[PDB]
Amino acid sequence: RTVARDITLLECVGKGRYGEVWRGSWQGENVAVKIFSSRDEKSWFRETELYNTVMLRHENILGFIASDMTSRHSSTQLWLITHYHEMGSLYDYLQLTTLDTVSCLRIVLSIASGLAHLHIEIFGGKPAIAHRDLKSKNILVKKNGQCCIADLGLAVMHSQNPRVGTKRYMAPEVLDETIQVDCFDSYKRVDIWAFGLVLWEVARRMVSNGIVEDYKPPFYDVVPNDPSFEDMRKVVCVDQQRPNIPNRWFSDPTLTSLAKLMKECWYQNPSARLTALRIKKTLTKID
């Protein structure tokens, strides 16, 4: 049989230290191709090792197609091939788009759904998985209004990489180095912190009574761009600051409920934070 492997790379949709992401075409179908830099090879290996352990398949997890290693003259080329989401990342989408109640809830409940799927151990099934780099750039928007979680290059697996998380989204126990590193639940609680920040980013863009906030990243008012580890530790650990809840949210029942939820993702005590499954249930009862 013919094994068609050619992918036509059509346009670069992302560049960073990790390498590049391309929109590509295979057999007439759009695919996303992440080409890894040499500096971030361990992210390709970790995501590949995870998918070789468990073939995750969930509507709110970016769909895996392939991991490719190709020998070159002097180097190894590493590609991750996934489904392609033409609307781009949530970070991208929120810059330019405002939301109503239904679209805001649909976005955040779809993220919580993907996260709870990662976190849960299923017997027979999947290991429990923590993401460790959840943020709005690692969430893609689908045409049906739901999102999917991307980038399992830092993921950790549990059954009963010199890359670190994005500093802006790091939980207090990561910044003050008290995280209980031998304890899998620790990693879930770091994801919940980051989820609460994403929930704040999205809620700001929900219109109520003709008002909306501009897109800002978490802690935009208290740290520089590309904040240092120390910048973050002073804000989050020493001063114990949290993102602002605008007064206008308290006129809207949805944003009032979302403010309470994001508060219960941001407790200093990691074991006080809500679980992804409890966040889902709360979101199903809003509106």
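Don't overthink the numbering: it's just position in the shown sequence, from 1. Between two forms, the rigid core is defined as the largest C-alpha subset superposing within 1.5 Å.
Engineer: Relative to the presented form, and with the rigid core used for superposition, do the C-alpha atoms of 75-83 or of 108-116 deviate more in 6 other deposited structures of this protein?
Structural biologist: The answer is 75-83, which departs more from the shown form in 6 other deposited structures of this protein.
Engineer: What about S136, is it left unmodelled in a third or more of the other PDB entries we looked at?
Structural biologist: No; none of the other entries leave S136 out.
Engineer: Give yes or no for this: do at least a third of the other compared entries, each modelling residues before and after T98, lack coordinates for it?
Structural biologist: In all of the other entries, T98 has coordinates.
Engineer: Should the segment between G124 and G125 be described as having none, 1 to 3, 4 to 9, or 10 or more unmodelled residues of the deposited sequence?
Structural biologist: The entry has a short gap there, with 1 to 3 residues left out between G124 and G125.
Engineer: So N144 and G145 are neighbours in the shown sequence, but is anything from the deposited sequence left out between them? Give the count as none, 1 to 3, 4 to 9, or 10 or more.
Structural biologist: According to the record, the chain runs unbroken from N144 to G145.
Engineer: Taking the mean of the C-alpha B-factors per stretch from the entry, tell me the winner out of 47-55 and 65-73.
Structural biologist: Mean C-alpha B-factor is greater for 65-73.
Engineer: Taking only the CA atoms, which stretch has the higher mean B-factor in the record, 37-45 or 244-252?
Structural biologist: Comparing 37-45 with 244-252, the higher average CA B-factor belongs to 37-45.
Engineer: Looking at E230, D239, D221, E29, which one carries the largest C-alpha B-factor according to the PDB entry?
Structural biologist: Highest C-alpha B-factor among the listed residues goes to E29.
Engineer: Say you rank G196, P162, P172, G114 by Cα B-factor from the PDB entry; which sits at the top?
Structural biologist: Largest recorded C-alpha B-factor: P162.
Engineer: Determine, from the deposited record, the chain-internal third of the Cα B-factor for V207: lowest, middle or highest.
Structural biologist: Middle third.
Engineer: Would you check the entry's CA temperature factor for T178 and let me know if it's in the chain's lowest, middle or highest third?
Structural biologist: Within its chain, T178 is a highest-third residue by C-alpha B-factor, going by the deposited values.
Engineer: If you rank every modelled residue in this chain by C-alpha B factor, which third holds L78: lowest, middle or highest?
Structural biologist: Tercile = middle for this residue's CA B-factor.
Engineer: Comparing against every modelled residue in the chain, figure out the third that the C-alpha B-factor of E213 lands in (lowest, middle or highest).
Structural biologist: As the PDB entry reports it, the C-alpha B-factor of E213 lands in the middle third of its chain.
Engineer: Lowest, middle or highest third: where is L109 by C-alpha B factor in its chain?
Structural biologist: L109: CA B-factor falls in the lowest third of its chain.
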